[PDB]
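Structure file target.cif; described as mmCIF, C-alpha atoms.
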data_run
#
loop_
_atom_site.label_atom_id
_atom_site.label_comp_id
_atom_site.auth_asym_id
_atom_site.auth_seq_id
_atom_site.Cartn_x
_atom_site.Cartn_y
_atom_site.Cartn_z
CA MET A 1 33.77 142.44 -119.50
CA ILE A 2 35.43 139.23 -118.26
CA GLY A 3 33.84 136.35 -120.15
CA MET A 4 33.21 138.71 -123.06
CA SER A 5 29.54 137.88 -123.77
CA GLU A 6 30.68 134.29 -124.30
CA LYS A 7 27.89 131.93 -125.35
CA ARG A 8 30.51 129.82 -127.15
CA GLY A 9 32.03 126.69 -125.66
CA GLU A 10 33.03 123.08 -126.25
CA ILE A 11 35.49 121.45 -123.85
CA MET A 12 37.19 124.19 -121.85
CA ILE A 13 39.75 122.98 -119.30
CA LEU A 14 40.55 125.43 -116.48
CA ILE A 15 43.53 124.39 -114.34
CA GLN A 16 46.02 126.36 -112.19
CA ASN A 17 43.93 129.46 -113.00
CA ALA A 18 44.68 128.95 -116.70
CA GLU A 19 41.87 128.65 -119.27
CA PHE A 20 42.31 126.00 -122.00
CA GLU A 21 40.16 124.68 -124.86
CA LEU A 22 40.31 121.18 -126.38
CA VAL A 23 40.74 122.09 -130.04
CA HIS A 24 41.71 118.68 -131.45
CA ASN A 25 41.15 115.15 -130.14
CA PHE A 26 41.87 111.81 -131.83
CA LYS A 27 40.88 108.33 -130.70
CA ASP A 28 39.53 109.90 -127.49
CA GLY A 29 43.10 110.28 -126.29
CA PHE A 30 41.93 113.25 -124.23
CA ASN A 31 41.95 111.95 -120.66
CA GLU A 32 41.30 114.92 -118.35
CA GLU A 33 42.82 113.55 -115.12
CA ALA A 34 45.87 112.34 -117.05
CA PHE A 35 46.31 115.77 -118.64
CA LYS A 36 45.99 117.73 -115.39
CA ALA A 37 48.28 115.19 -113.70
CA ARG A 38 50.88 115.64 -116.45
CA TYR A 39 50.39 119.42 -116.52
CA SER A 40 53.07 121.77 -115.19
CA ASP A 41 53.23 125.53 -114.47
CA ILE A 42 56.06 126.05 -116.99
CA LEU A 43 53.67 124.85 -119.71
CA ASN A 44 51.41 127.90 -119.24
CA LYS A 45 54.21 129.80 -121.01
CA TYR A 46 53.61 128.21 -124.42
CA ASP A 47 49.92 129.21 -124.80
CA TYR A 48 49.53 125.79 -126.50
CA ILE A 49 49.68 122.38 -124.79
CA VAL A 50 49.95 119.31 -127.01
CA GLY A 51 49.45 115.93 -125.39
CA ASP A 52 50.40 112.75 -127.21
CA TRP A 53 50.50 109.11 -126.11
CA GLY A 54 53.64 108.52 -128.15
CA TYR A 55 56.01 105.99 -126.57
CA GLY A 56 53.11 105.12 -124.26
CA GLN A 57 54.01 107.72 -121.65
CA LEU A 58 51.70 110.73 -122.13
CA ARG A 59 53.80 113.74 -123.19
CA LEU A 60 52.67 117.35 -122.69
CA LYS A 61 54.83 119.34 -125.08
CA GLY A 62 54.25 123.05 -125.57
CA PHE A 63 54.61 125.03 -128.78
CA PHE A 64 54.54 128.74 -129.60
CA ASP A 65 51.97 130.63 -131.69
CA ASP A 66 52.35 129.14 -135.17
CA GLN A 67 49.43 130.82 -136.95
CA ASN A 68 49.40 134.47 -137.95
CA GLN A 69 46.64 136.82 -136.70
CA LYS A 70 45.06 136.64 -140.18
CA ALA A 71 44.69 132.84 -140.05
CA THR A 72 41.15 131.58 -139.41
CA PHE A 73 42.55 128.24 -138.22
CA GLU A 74 43.88 129.86 -135.04
CA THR A 75 44.17 126.40 -133.49
CA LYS A 76 46.42 124.97 -136.22
CA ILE A 77 50.13 124.47 -135.56
CA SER A 78 51.87 123.76 -138.88
CA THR A 79 55.04 122.46 -137.18
CA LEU A 80 52.87 120.14 -135.05
CA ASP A 81 52.07 117.67 -137.85
CA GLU A 82 55.70 116.60 -138.30
CA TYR A 83 56.13 116.42 -134.50
CA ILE A 84 53.15 114.09 -134.02
CA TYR A 85 54.33 111.91 -136.91
CA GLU A 86 57.64 111.28 -135.13
CA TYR A 87 55.93 110.14 -131.91
CA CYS A 88 52.17 109.57 -132.16
CA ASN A 89 52.12 108.13 -135.70
CA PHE A 90 49.10 106.40 -137.35
CA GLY A 91 47.93 103.87 -134.77
CA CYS A 92 48.04 106.08 -131.70
CA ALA A 93 46.12 108.79 -129.80
CA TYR A 94 46.69 112.49 -129.08
CA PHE A 95 44.94 115.73 -128.13
CA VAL A 96 45.67 119.47 -128.28
CA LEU A 97 44.61 122.14 -125.77
CA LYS A 98 44.88 125.85 -126.53
CA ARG A 99 45.50 128.36 -123.73
CA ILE A 100 43.12 131.32 -123.94
CA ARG A 101 44.27 134.97 -123.84
CA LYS A 102 42.12 135.38 -120.69
CA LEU A 103 40.80 133.56 -117.62
CA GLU A 104 37.14 133.58 -116.61
CA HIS A 105 36.89 131.98 -113.18
CA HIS A 106 34.22 133.54 -110.98
CA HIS A 107 36.06 133.64 -107.65
CA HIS A 108 33.54 135.13 -105.22
CA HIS A 109 35.90 137.42 -103.30
CA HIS A 110 34.97 139.68 -100.38
#
As structure tokens, how would this structure be written, given the file I've shared?
Amino acid sequence: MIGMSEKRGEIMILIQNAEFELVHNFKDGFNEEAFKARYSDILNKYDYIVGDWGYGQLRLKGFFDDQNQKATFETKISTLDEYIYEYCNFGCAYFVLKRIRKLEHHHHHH
């Protein structure tokens, strides 16, 4: 039941055995190598990795589950908007990856 009948995808980023999905991307700020180079194990804690190019230096800042289970916009972080505005304001680039409540990586074990 791993990979629960999933025929849904988009831009899923699997790193350090953690499954992520690119939910929001502006100005094509999503640079994969940059992300995975800026990534850190402690970030897996947050279940949400926000990457902004504010101040030039790419920041990966994690947030906690903002939406309630009854929210259809699972990927929306209401406190995020004000955060981005402080750093990556109009005339900038940023991206948001969401950490999935599972990990489907077919490791052919013996």
| request: Report as a PyMOL selection string the residues that result from applying the PyMOL selection byres ((chain A and resi 20-33) around 7) to the structure here. | output: chain A and resi 11-14+18-19+34-37+75+93-100
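If you count only C-alpha atoms and ignore residues fewer than 4 places along the chain from residue 86 in chain A, what sits within 9 Å of it is residues 54, 81 and 82 of chain A.
With all atoms listed in the file as the atoms that count, the minimum distance from residue 66 in chain A to the choices A:89, A:17, A:78, A:44 is reached by A:78.
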| message | Report as a list in words all protein, DNA and RNA residues lying within 10 Å of residue 55 in chain A, evaluated on all atoms listed in the file, omitting residues in the same chain fewer than 5 positions from it. | response | residues 87, 88 and 92 of chain A
Written as a PDB file with C-alpha atoms, keeping the file's coordinate frame, what is the full residue list that the PyMOL selection byres ((chain A and resi 56-62) around 9) yields on the file shown?
ATOM      1  CA  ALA A  34      45.870 112.340-117.050  1.00  0.00           C
ATOM      2  CA  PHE A  35      46.310 115.770-118.640  1.00  0.00           C
ATOM      3  CA  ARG A  38      50.880 115.640-116.450  1.00  0.00           C
ATOM      4  CA  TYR A  39      50.390 119.420-116.520  1.00  0.00           C
ATOM      5  CA  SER A  40      53.070 121.770-115.190  1.00  0.00           C
ATOM      6  CA  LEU A  43      53.670 124.850-119.710  1.00  0.00           C
ATOM      7  CA  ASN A  44      51.410 127.900-119.240  1.00  0.00           C
ATOM      8  CA  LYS A  45      54.210 129.800-121.010  1.00  0.00           C
ATOM      9  CA  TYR A  46      53.610 128.210-124.420  1.00  0.00           C
ATOM     10  CA  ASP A  47      49.920 129.210-124.800  1.00  0.00           C
ATOM     11  CA  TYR A  48      49.530 125.790-126.500  1.00  0.00           C
ATOM     12  CA  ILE A  49      49.680 122.380-124.790  1.00  0.00           C
ATOM     13  CA  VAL A  50      49.950 119.310-127.010  1.00  0.00           C
ATOM     14  CA  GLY A  51      49.450 115.930-125.390  1.00  0.00           C
ATOM     15  CA  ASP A  52      50.400 112.750-127.210  1.00  0.00           C
ATOM     16  CA  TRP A  53      50.500 109.110-126.110  1.00  0.00           C
ATOM     17  CA  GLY A  54      53.640 108.520-128.150  1.00  0.00           C
ATOM     18  CA  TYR A  55      56.010 105.990-126.570  1.00  0.00           C
ATOM     19  CA  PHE A  63      54.610 125.030-128.780  1.00  0.00           C
ATOM     20  CA  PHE A  64      54.540 128.740-129.600  1.00  0.00           C
ATOM     21  CA  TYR A  94      46.690 112.490-129.080  1.00  0.00           C
TER      22      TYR A  94
END
| Distance CA of residue 15 in chain A-CA of residue 107 in chain A, one decimal place? | 13.6 Å
| request: Enter the distance from CA of residue 72 in chain A to CA of residue 10 in chain A, in Å, rounded to one decimal. | output: 17.6 Å
| field | For CA of residue 1 in chain A and CA of residue 108 in chain A, the interatomic separation in Å (one decimal) | value | 16.0 Å
